[PDB]
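Structure, as structure tokens:
Backbone-built Cβ (ideal geometry, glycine too); neighbour counts: all protein chains shown. What follows draws every value from the coordinates through simple rules; no lab data is involved.
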Ligand SMILES: CCCCCCCCCCCCCCCCCC(=O)OC[C@H](COP(=O)(O)OCCN)OC(=O)CCCCCCCCCCCCCCCCC
Ligand SMILES: CCCCCCCCCCCCO[C@@H]1O[C@H](CO)[C@@H](O[C@H]2O[C@H](CO)[C@@H](O)[C@H](O)[C@H]2O)[C@H](O)[C@H]1O
Ligand SMILES: CCCCCCCCCCCCO[C@@H]1O[C@H](CO)[C@@H](O[C@H]2O[C@H](CO)[C@@H](O)[C@H](O)[C@H]2O)[C@H](O)[C@H]1O
Ligand SMILES: N=C(N)NC(=N)NCCc1ccc(I)c(Cl)c1
Ligand code: SF4
């Protein structure tokens, strides 16, 4: 019956789910649990490089708030 | 007695012309073909599970020869 | 070091040019030009020419050079002669290759060199711009301006492409 | 660096797959003109010329951000119309026919 | 006119793809001049501040120039909010 | 040593018999029963036997019909272009040994005069089911191969 | 960390391609009132593995130029994997500001593998078949590029993840279904899929083979993923990105399955007829719709943001 086509479709679907799910979780792991910063324009790169200096550990994804004021 | 397979005149009124325009641009007859193959996807297949299942034969079947006894 | 990436790409650029300029079979000459085109895009990319770099890939490689190979397969060579089997090609290839290496050796040893003209050898990074914090791509703004400032450029360019079609149909009708 | 790594990985893997694909244990001990057709040449050339016009249109999404929209819209349409005229000329001169 | 309609019916029957192409291309050329909304496209693009708005040296004779961003003088985007 | 060679043989045998791609030489009426074997009732594809493969991608040649003298050179040429391992299935009386036309001046008296044959399927024509039995018999022949075991003992 | 990410994309792509061959055979089978693979593993789940092993231990059966004989499959497979690295699912492996142009640029290079393999065939007739395939591919590149540009005039940029934002409220297939139709057909013709499978058609009138097959089937999946993003945008929830990945995978699977559905439903085009479909039908409409989509945002004051 037609639903015997599903197991092959399920395997294919799991194979295509892995890339997107892996990229998202690797990004969170590498960026302190947040989304990876997008810098398409010089202004965003400038802020990211300023964040790196302000972080105190050379990590643009480590944020300092009013505790540093 | 005979019949014509393909001797018809398309209606040239605006409604009929626009119907053919819609078929040309919206691929209606092609979509109608997709419906047929879709309906076969959901039909039980005709395949049998050989060699666990066998095609039907009759007593008249002509197979391998043999010499018989009384 | 990665700080010399543009220079390293430029060196590869020259070797690819010596490749097809010594003129092996046009099949291989076309290959050498394709490798130089890709490397040429990389040089442009590292100067902030993202859109310009990708146009070399899209248009120069994916368009013009595809048509070159298509025409070569159809009207020039169908089977390539073994590369460098010809003496003049091998001599020209070796001659150019040695000239490039002698250039590259000295500029790296002295961080400068005078090959007819004076060239600094500290690395192309030294001339880069030190302030950039705009919210847009300057290359994109300049290219987009074709439709606001470059009315006259659009007219003559568009006209020439139409005449290109007309002319080529005339040439080939015979 | 990431894009360079990705490209190097993709093509390095492709090279390796070709390698083992050509060398596995086997277990055995024992420049003329290619019947040139002018029509296929003109398809390639026509593609080239249309590809160069596409190169000119690619900036359009950015151009729409201008304050000079009157000029920008007029030039955008002018370019596309000239592309249509090119197609119309080729069409009416039998350049899109595959007979003869 | 009647000859115009007969011509259009003929092409509609034989070349609907080309008829649609020309009709769409004609609308693209004509409709911007007839649309009441085309004027806002100019205004919205101009209202997007890409670079810094450099302040003016106050000479005491600029009653139309705001002193603070929240002062009333200067362009307003209230038309854009309601759009 | 023995265990690895045996298991590896089982693996390559299973892959080769589970993915048998036939080149069918549909010479005459036996080709019709071959089409019926591909048809829904028997569905040779469900065994991993694709419907029609290119000769250079093929693993088994099915000679389905009378092989004439005029055709014999062409059939041998296709067989020689097949990549190994390659097998031949002779289908029906004509290909098996000439059949009804055995005594004709224009007919090869069995395709095994031209190519080596792995399986002979009798019948004029064999039924689609008979041919399928033959294909499965070929699968079992492939399952018996011990190429690596013999290689190890050279 | 990044090398792990690359491999968590490369490996699943090849596995997805392997099992698409099974899905294709079984979907075609059931539309043909039969079953397709169901003996080699339960429901045929080991069939791709048997086929893969078989092809790689087959005799690898003279090339007119060894360098190009090997270059063509490396180019095909390397380029095919490269087309995946900017795809947002929802986050791309590489976030390119001009990702759409990159995909257009890389796809235009894929025709070299056709050209090079025709040169290396060492046969006059195989070179001619390659040139016919190239002419088809570049012909449909024209409409694909113009259709893509038309859509981006509603998105505002060449960034692929911006298409997600553009379709936050509504799929782009609603304002652009005429373009979606020609885009979808163009992808079929671009990948030499039925009814545009003229290379396999006209032709009949081991490891290296497998490699070209993997490249083509990777391109088929990728093109339908691109179609899903371009016209059937999935909503992204930044705190639950897996929700996006599930919905977007289902759409891509269904689009891929419709490629098989279409193969099962129609006869083949003649070569001259598929050329007329492009140059005399799609291209006129694409040009007219390109003018229309340039004008529409301006005349509705719906110009998207640059960023
Ligand atoms: C108010 C202002 C409005 C302004 C905008 C107005 C625009 C909208 C109105 C116009 C509608 C445009 C429709 C565009 C679709 C393209 C139409 C087309 O090109 O069809 C014609 C083409 C050739 O037709 P033919 O009969 O062979 O001959 C005609 C020429 N002699 O026929 C074909 O193309 C056939 C295609 C062959 C391929 C067959 C396989 C595909 C079948 C399944 C398709 C499923 C639909 C795809 C959906 C994709 C989803 C992502
Ligand atoms: C073979 C050559 C073919 C060349 C084809 C050229 C076709 C050009 C057709 C449209 C050109 C003008 O198109 C449109 O017209 C209206 C006229 O009110 C202009 O005016 C509109 O926008 C401007 C903004 O600049 C507003 O100030 C104005 O209030 C508004 O009405 C638009 O700015 C212009 O975008
Ligand atoms: C995807 C990973 C798969 C891993 C599987 C690893 C298994 C390694 C053992 C492979 C054994 C292959 O077995 C062997 O394959 C080659 C393929 O040409 C066949 O062919 C070979 O032998 C024949 C003669 O017998 C020669 O004429 C031929 O030129 C040669 O190619 C052999 O007939 C077959 O016996
Ligand atoms: N066209 C089909 N869907 N069937 C089919 N016989 N495909 C080709 C089989 C194949 C090729 C390469 C690999 I890797 C794998 Cl696993 C399977
Ligand atoms: S064996 Fe019988 S059925 Fe087969 S080709 Fe010969 S005559 Fe025809």
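At what distance in angstrom do the alpha carbon centres of the stretch D:9-36 and the stretch G:98-164 lie from each other? Cα centroid to Cα centroid, the span is 24 Å.
Alpha carbon centre of the stretch C:118-140 versus the stretch G:263-296: separation in Å? Between the Cα centre of the stretch C:118-140 and that of the stretch G:263-296, the gap is 44 Å.
Quick one: grab the alpha carbon gyration tensor of chain D, order the square roots of its eigenvalues as a ≥ b ≥ c, and give me rounded if a/c is under 1.5, else prolate or oblate depending on whether a/b is larger than b/c.
Numbers: a/c = 5.61, a/b = 1.51, b/c = 3.71.
Oblate, since a/c reaches 1.5 and b/c is not below a/b.
Ranking request for peptides F:135-141, E:62-68: highest mean number of other beta-carbon atoms within 10 Å first, then the rest in descending order.
On the way: F:135-141: 17.1, E:62-68: 10.0.
Packing order, densest peptide first, comes out as F:135-141, E:62-68.
With a ≥ b ≥ c taken as the square roots of the eigenvalues of the C-alpha gyration tensor of chain E, please select rounded if a/c is under 1.5 and otherwise prolate if a/b is larger than b/c or oblate if it is not? Please report the intermediate quantities before stating the final value.
Details: a/c = 5.05, a/b = 4.28, b/c = 1.18.
Prolate, since a/c reaches 1.5 and a/b exceeds b/c.
Taking the DSSP bridge list for the protein assembly as shown and keeping only pairs wholly inside it, about 30 percent are antiparallel.
Only helices enter the 222 nm calculation for chain B: every DSSP H run of n ≥ 4 contributes -39,500 (n - 2.57), and dividing by all residues gives -12500 deg cm²/dmol, rounded to 500. Descending by average beta-carbon neighbour count within 10 Å, the peptides G:220-228, D:54-62 line up as G:220-228, D:54-62, the highest first.
Comparing Cα centroids, the stretch G:191-247 and the stretch C:57-110 end up 35 angstrom apart.
In peptide C:25-38, how many Cβ atoms from other protein chains are near each Cβ within 10 Å, on average?
Going residue by residue through C:25-38 and averaging, the value is 2.
Dividing the convex hull volume of the alpha carbon atoms of the stretch F:1-67 by its residue count gives 99 Å³ per residue. Counting Cβ atoms of other protein chains within 10 Å of each residue's Cβ and taking the mean over peptide G:266-277 gives 2. Let me make sure I get this right: for the stretch C:4-169, a, b and c are the square roots of the gyration tensor eigenvalues over alpha carbons, sorted descending. Under 1.5 in a/c it's rounded, otherwise prolate if a/b > b/c, else oblate. Which is it? Taking the square roots of the gyration eigenvalues as a ≥ b ≥ c, the stretch C:4-169 is oblate. Helices in chain G, meaning DSSP H runs of at least 4 residues, each add -39500 (n - 2.57). Divided by all residues, the mean residue ellipticity at 222 nm is -22500 deg cm²/dmol. For the residues of G:10-16, the average number of beta carbons from a partner chain within 10 Å of their own beta carbon is 6.
Kindly rank C:80-87, B:62-69, G:72-79 from highest to lowest mean number of other beta carbons found within 10 Å of each residue.
On the way: C:80-87: 14.6, B:62-69: 5.5, G:72-79: 24.5.
For the peptides C:80-87, B:62-69, G:72-79, the packing ranking is G:72-79, C:80-87, B:62-69.
With N counted as the residues of the protein assembly as shown, its alpha-carbon radius of gyration over 2.2 N^0.38 Å works out to 1.08.
Summary value for chain A: 16 percent relative contact order, contacts being C-alpha pairs under 8 angstrom separated by 6+ residues. As a check on your grasp of the helix formula, calculate [θ] at 222 nm for chain C: sum -39500 (n - 2.57) over DSSP H runs of n ≥ 4, divide by the residue count, round to the nearest 500. Rounded to the nearest 500, it is -20000 deg cm²/dmol.
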